Amino acid sequence: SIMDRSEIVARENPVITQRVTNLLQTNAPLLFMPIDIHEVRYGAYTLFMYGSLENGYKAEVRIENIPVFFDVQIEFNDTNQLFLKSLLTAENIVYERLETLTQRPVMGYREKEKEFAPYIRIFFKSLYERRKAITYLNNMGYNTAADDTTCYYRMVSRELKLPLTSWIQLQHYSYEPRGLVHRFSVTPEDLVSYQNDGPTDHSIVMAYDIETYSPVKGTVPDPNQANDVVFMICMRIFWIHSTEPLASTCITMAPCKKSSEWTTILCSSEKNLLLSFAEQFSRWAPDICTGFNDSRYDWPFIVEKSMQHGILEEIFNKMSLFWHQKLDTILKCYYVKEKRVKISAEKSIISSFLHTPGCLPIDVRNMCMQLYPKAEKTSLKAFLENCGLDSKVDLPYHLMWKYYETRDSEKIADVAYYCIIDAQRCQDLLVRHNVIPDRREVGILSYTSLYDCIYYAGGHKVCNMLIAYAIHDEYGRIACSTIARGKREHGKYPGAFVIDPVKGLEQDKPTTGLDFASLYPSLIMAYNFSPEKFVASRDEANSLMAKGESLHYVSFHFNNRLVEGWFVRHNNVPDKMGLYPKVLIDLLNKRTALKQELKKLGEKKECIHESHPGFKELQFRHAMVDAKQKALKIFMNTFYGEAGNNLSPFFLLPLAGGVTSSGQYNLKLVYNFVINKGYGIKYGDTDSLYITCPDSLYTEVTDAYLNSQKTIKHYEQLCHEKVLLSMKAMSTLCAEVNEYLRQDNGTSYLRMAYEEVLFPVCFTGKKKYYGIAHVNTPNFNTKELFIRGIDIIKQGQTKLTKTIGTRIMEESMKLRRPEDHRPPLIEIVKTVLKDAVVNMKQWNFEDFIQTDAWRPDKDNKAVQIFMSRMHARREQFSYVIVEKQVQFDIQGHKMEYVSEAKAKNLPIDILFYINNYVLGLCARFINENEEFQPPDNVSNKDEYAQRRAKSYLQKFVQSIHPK
């Protein structure tokens, strides 16, 4: 009595499914959209891809007659052909045919008449033989190309221009229906990539939730333990772009009252529950699988239970769409365990799941972690409150165990609703953060499947894009390798030019920040840092210089060894431009066009309200263009990181060394040129200069204050005039420096940009400053502050600190007359602290709702003392069995001594909280004083100043605080 997927998609979209049927009955071209890709290794090579049609039917497309091949560099003569054939046949390796061709290498520079090199291509039949042949040939060390080993669908994608993550137009096919699945058979010549923007997607995402039981209270159920039994399963299906559910299903052990919004299926044992789960999965057949915390608690538990009961084969066979399989094969290959997913350079996550063909499994928690690598809290409620979506039901877990063990119907129905909402939260997050379209656009731009775009790093994507642009060059074919060759040296790069900042607060002269617009890509474009234009020997460089070609020279010092190198320039000629400049310039042109398009679309949208019938398509267009520009940004910023990696097959130490050296040289040249003109430098870092205006420009308006009435509005109008004059001078300086760089380097690809004016300013350490913004016109009554480095963001630990720090900064940055007083950033801290110490009543019980649940209740730092105290008080509300209880703490006074939210007045000893929390932030605010510098014999400097500055401030506050 459960509707199939076909019935649902027919009921929801009548006209579209009618059109699809009419097109199907007459062998007409059709649109297809892939999700998951699977391939067969042994035997003949056939590529399987699963996906959706326009209306919602599930489709399987199988590609045959895909040629499998790889290249080698020897000669064209038949003698070497026979020698290679004998070497291959030495250990029973099958081959089909050999071909010969010509193409260009990637390493080294060759003259115009010798640019092409001869290759021999070997064709095979199964991937096993190809992999073994590549391994053996590299074992004797032959320079081979097109050497993809781990995955092969990438080569097929880049060799045919088939964006596996976008729409595919298919015609001239063979069609066979089978129940719910429509089998298509095609050939490589019958597929086209759909260049036009396509209609809306109609895939299916299913969210599942599981609730299990453990006889022993206070412990997390263990899969290895046979006492644990599952009792609650919830399934929901949604569209890829909508929140309203299409259907829901409920499976329970104990009987429950029926509900209007879902259907329930009764069971009798563990076997029945698992078989019902498999049957419902087969009936719906979803494309994407999801559920929060399914990576180490849901999937391994269910697979362990299935293995214990010995029903894994049947459930897996009903799960997937592939041929029949055996249990050992399922355990060995299709079940992944301890998979590593990388977030940042220091964070990684373990994952485990079951990969049934025809459905891609994703974990929402991992995606949220990747989107927010700096999130301090790792809870679902934290993500819900950060994303701004509606919060879930605050139902404690021990309530669910108690209500399950009470064995009543309506309460289990209520917890069923609770877990349904918990499941829906995942799809809420996925739609809110726009994960699928973003990863889809990245895959389209990178020629890679969706599974790799969601589970792997980003360097391989940039390598793949580089190879894709390399193969289809319009002046020839360029052959790029994939396996790394050469010794892996380790060391540190030179450079790191640093200029010391001028400490303190400035309110007499304003400062302005000049920035470099994408320094490293600009340098790559300007100086031709491409591997195909590299010369190593000095004699060759001298010969080419004699010939008449301009060159660029790089030299540095790596691992106590002097490294030299030469590069060939292009002097603004499209023919002689290299590969990296080509790819960067193409990306830049695409980005500029997309920016213009989105600006025009937004200008149109600002005149259109949201109640138009056609607003939905405009919103979809806006979202798509935003995703596209984001993907362009991420590749353009990750390119340099990929290029310098020591594991990349394109690595060259001279390239990275020269890039860094050129950056340092250009920074030094600009700094020296600015000094020569009479201006002053206040800060400098890699690609930014914070500079100042000379005094002689400010004289005239200054005299106005000398003979004025010296009121507040006088000083205000002096401030306005000073800001305007600073802006006027800075624009001209930026123009002049751009002209100087253009005349020096010879190309206009490198330029310096003007963003903002800051006055007054405060610099309190490296990469730490704050001030008042001024975009175009002066304003001083604004409350917004420009903050960099100092991070008053965290509020879970405390929230009074935020108010006190905001008050400190606001008091410190206000403009003052030159004749009242100039407190050197210490009297401000003193005044604010003494004000805070006195008159306690001007705070209230708002930030004092901190909680720390002692769920383990057995091993922790100090919460066990509080637990023992409350247990003794109860034995002498209880809230003792609530391990996951969010109870507020109020230290109404050096050993914990916290109190519950339910309490009498109990005056708060604010000294404990201040000395625990705010002194650290204040020290970080003031730690960079010159008085507290450490002597040279001390190894650690930051902790030195931090510790003794905090100690000084704390002890002096204690002294001034009466006791």
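Here is what the cut-offs are and how they apply
- Position numbers follow the written sequence of each chain, starting from 1, instead of the entry's numbering, which may differ; residues with no coordinates are not represented.
- Each side-chain value is derived from all of the structure's non-hydrogen atoms; neither hydrogens nor water enter the calculation.
- Residues with missing side-chain atoms are left out of burial classes, side-chain pairs and their counts.
- In DSSP terms, a helix is any run of H or I states spanning at least four residues, a strand is any run of E spanning at least two, and both are numbered starting from the N terminus.
- Counted as salt bridges are all cases of a side-chain nitrogen of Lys or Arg within 4 Å of a carboxyl oxygen of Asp or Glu.
- Relative accessibility thresholds used throughout: buried, under 20% of the residue-type maximum; exposed, over 50%; partly exposed, between the two (1.4 Å probe, protein chains only).
- When DSSP finds two or more bridges between two strands, those strands count as paired.
- We call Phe, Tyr and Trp rings a pair once their centres come within 6.5 Å, taking the six-membered ring for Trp, and we label the pair stacked below 30 degrees between planes, edge-to-face above 60, and tilted otherwise.
- By the criterion adopted, a ring carries a charge over it if an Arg CZ or a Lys NZ lies within 6 Å of its centre and within 35 degrees of its normal.
- The contact definition used throughout considers only heavy atoms, calling two residues in contact when any of these lie within 4.5 Å.
- The method works on a 1 Å grid over the protein atoms by themselves. A cavity is a set of points holding a 1.4 Å probe that cannot get out, a pocket is an open set with protein on both sides within 12 Å along at least five of seven lines, and residues with an atom within 4 Å of a point line them.
- Grid points are joined across faces, edges and corners, and a volume is the space filled by probe spheres set on the points.
- For this classification, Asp, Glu, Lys and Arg are treated as charged, while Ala, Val, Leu, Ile, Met, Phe, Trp, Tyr, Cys and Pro are nonpolar and the rest, including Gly, are polar.
- How far each domain reaches was decided by an automatic or database domain assignment.
- Whenever a helix is involved, its axis is fitted only over the stretch in contact; in every case the axis is a line through C-alpha atoms, and angles between N-to-C directions fall within 0 to 180 degrees.
- Joining through side-chain atoms within 4.5 Å is the link that ties buried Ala, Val, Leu, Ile, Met, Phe, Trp, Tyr and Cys residues into a set, and such a set is a nonpolar core.
- Each patch is built from salt-bridge-free residues with over 30% relative accessible area, joining like charges within 9 Å and nonpolar side chains (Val, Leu, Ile, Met, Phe, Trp, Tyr) within 5 Å.
- Working definition of accessibility: Shrake-Rupley area with a 1.4 Å probe, residue cover restricted to the visible protein chains.
- Each angle receives one of four descriptions, namely roughly parallel if under 35 degrees, roughly antiparallel if over 145, roughly perpendicular if within 65 to 115, and oblique otherwise.
- Crossing handedness is defined as follows: a turn of the near helix away from the far one that is anticlockwise and smaller than a right angle gives a left-handed crossing, while the clockwise case is right-handed.
- Pairs of N or O atoms are called polar contacts if they sit within 3.5 Å, as long as, within protein, a hydrogen donor faces a hydrogen acceptor (for residues adjacent in sequence, only side-chain-to-side-chain pairs).
- The arc in question is formed by the directions pointing from the helix axis toward the C-beta atoms.

A. Quick look at the overall build of the chain. Secondary structure summary: the chain contains 28 helices and 30 strands in total. The dimensions of the chain, computed from C-alpha atoms along their principal axes, are 95 × 95 × 65 Å.

B. Highlighting the pattern of salt bridges. As enumerated under the stated definition, the model contains 29 salt bridges in all. Measuring nitrogen to oxygen at the nearest pair gives 3.2 Å for the salt bridge that ties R817 to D820. Given a relative accessible area of 55%, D820 falls into the exposed group.

C. Inspection of the pairing of strand β26 (residues 688-692) at higher detail. Counted residue by residue, β26 has five buried out of five residues, so it is predominantly covered. Of the two faces of β26, both are covered, the one formed by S688, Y690 and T692 as well as the one formed by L689 and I691. As judged from the five bridges shared by strand β21 (residues 511-516) and β26, these two strands associate in the antiparallel manner. In the strand pairing of β26, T512 is matched with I691. With five bridges connecting them, strand β25 (residues 680-685) and β26 associate as antiparallel partners. Pairing of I681 across the sheet is with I691, part of β26. What sits between β25 and β26 in their antiparallel hairpin is a turn of two residues, with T686 showing a positive phi close to 55°.

D. Focus on the packing of aromatic side chains. In the structure shown here, the tally under the stated rule is 38 aromatic pairs. Aromatic pair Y173 and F184: ring centres 5.1 Å apart, planes at 0°, arrangement stacked. In this pair, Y173 is assigned in the loop between β8 (168-170) and β9 (174-178) and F184 in strand β10 (residues 181-186), connecting sequence segments 11 residues apart. Each member of the pair, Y173 as well as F184, is classed as buried. Between the aromatic rings of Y690 and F763, the centroid separation amounts to 6.3 Å while the plane-to-plane angle is 75°, which identifies the pairing as edge-to-face. With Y690 in strand β26 and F763 in strand β28 (residues 761-763), the pair connects residues that are 73 residues apart, well separated along the chain. Following the ring pairs from residue to residue traces out a cluster consisting of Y683, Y690, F763, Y769 and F786. The ring of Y404 has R407 sitting right over it, with the charged end atom 4.9 Å from the ring centre. In this structure, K722 packs its charged tip against the face of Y698, placed 5.4 Å from the ring centre.

E. Highlighting the side chain of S126. Among the secondary structure elements, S126 is positioned in the loop between β6 (117-124) and α4 (127-140). Relative accessible area serves as the criterion here: at 13%, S126 is assigned to the buried category. Setting aside residues no more than four positions away along its own chain, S126 makes contact with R41 and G43.

F. Representation of empty space enclosed by the protein in the model. Of the pockets and cavities examined, the largest cavity occupies roughly 120 Å³. Along its surface, the largest cavity is lined by 13 residues, and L505, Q507, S812, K814 and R816 are the ones closest to its centre. Within the lining of the largest cavity, the residues separate by chemical class into eight nonpolar, two polar and three charged.

G. Here's a closer look at the environment of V829. Tracing the sequence through the fold places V829 in helix α25 (residues 827-837). Among the residues examined, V829 registers a relative accessible area of 15% and is labelled buried. On a C-alpha basis, the gap between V829 and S812 in space is 8.8 Å, while along the polypeptide they are 17 residues apart.

H. View of the domain arrangement of the chain. When its domains are assigned, the chain resolves into domain 1 (1-201 + 435-483), domain 2 (204-433) and domain 3 (484-569 + 636-790). Using only C-alpha atoms to locate each centre, domain 2 and domain 3 end up separated by 51 Å.

I. Just the sheet that holds strand β13 (residues 229-239), in detail. As summarised here, the arrangement of the six strands in space is β15-β14-β13-β12-β16-β19, forming an open sheet in which the pairing is mixed. The sheet is open, and its two edges are formed by β15 (263-266) and β19 (360-361), each paired on a single side. Sheet analysis places strand β14 (residues 247-252) next to β15, joined by four bridges and oriented parallel. What sits directly across from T249, in β15, is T263.

J. Region of the structure containing the sheet that holds β6. Pairing within the open sheet is antiparallel, and its four strands lie in the order β5-β6-β4-β7. The strands lining the two open edges of the sheet, one partner per strand, are β5 (98-103) and β7 (144-145). Across six bridges, β5 lies against β6 in antiparallel orientation. What sits directly across from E99, in β6, is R121. Set on the sheet, α4 makes contact with β4 (68-72), β6 and β7; between it and β4 the angle comes to about 10°.

K. Layout of the nonpolar core. Ranked by internal contacts, the top residues of the largest apolar core, which has 50 residues, are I233, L273, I288 and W299. Per-domain counts for this core show at least three residues from each of domain 1 (1-201 + 435-483) and domain 2 (204-433). Residue contacts for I288: discarding those within four places in its chain leaves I35, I204, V205, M206, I240, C359, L360, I362 and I436. One finds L579, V583, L689 and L733 within the second-largest nonpolar core, a separate group that totals 49 residues.

L. Broad picture of a nonpolar patch on the surface. There is a patch of nonpolar side chains on the surface, built from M307, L327 and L331 and spanning about 220 Å² of accessible area. The residue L331 is located in helix α9 (residues 327-334) in this model. Take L331: its relative accessible area is 32%, and that puts it in the partly exposed class.

M. Quick peek at the packing of helix α17 (residues 519-527) against helix α19 (residues 579-605). In the contact formed by α17 and α19, the axes pass within 8 Å of each other and the chain directions differ by 130°. When the interaxial angle is binned, α17 and α19 end up oblique. With respect to the hand of their crossing, α17 and α19 are arranged in left-handed fashion. Where α17 approaches α19, its residues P521, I524 and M525 are matched on the opposing element by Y580, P581 and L584. Each residue belonging to the contact of α17 with α19 can be placed in one class, and the counts come to six nonpolar, no polar and no charged.

N. Geometry of the side chain of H38. Mapping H38 onto the fold places it in strand β1 (residues 30-39). Judged by relative accessible area, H38 falls into the buried class, the value being 13%. Separated by 3.3 Å, the side chains of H38 and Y334 make a polar contact.

O. Structural context of the packing of helix α6 (residues 270-284) against helix α8 (residues 312-319). Relative orientation of the contacting elements α6 and α8 amounts to 15°, with a least axis distance of 8 Å. Between α6 and α8, the angle falls in the class roughly parallel. Between α6 and α8 lies a crossing of left-handed hand. Contact residues: α6 offers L274, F277, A278, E279, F281 and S282, while α8 offers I315, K318 and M319.

P. Structural context of the environment of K710. Here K710 is to be found in the loop between α22 (699-706) and α23 (712-745). If sequence neighbours within four positions are ignored, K710 has contacts with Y705 and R817.

Q. The arrangement of helix α12 (residues 397-406) in detail. Considered for burial, the residues of α12 that qualify are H398, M400 and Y404. Down the axis of α12, the buried side of the element spans an arc of 155°, and every buried residue falls inside it. Where α12 is buried, its residues meet β12 (204-213), β13 and α13 (409-433). Once α12 finishes, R407 follows within two positions and takes phi at roughly 60°, a positive value.

R. Structural detail: unusual backbone geometry. Here the amide bond leading from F759 into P760 is cis, since omega sits at -5°, within 30 degrees of zero. Relative to the elements of secondary structure, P760 occurs in the loop between β27 (752-758) and β28. In this structure, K710 is a non-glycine residue whose phi angle is positive, near 60°. The residue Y879 is not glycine, and still its phi comes out positive at about 55°. Among the secondary structure elements, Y879 is positioned in the loop between α26 (863-875) and α27 (910-926).

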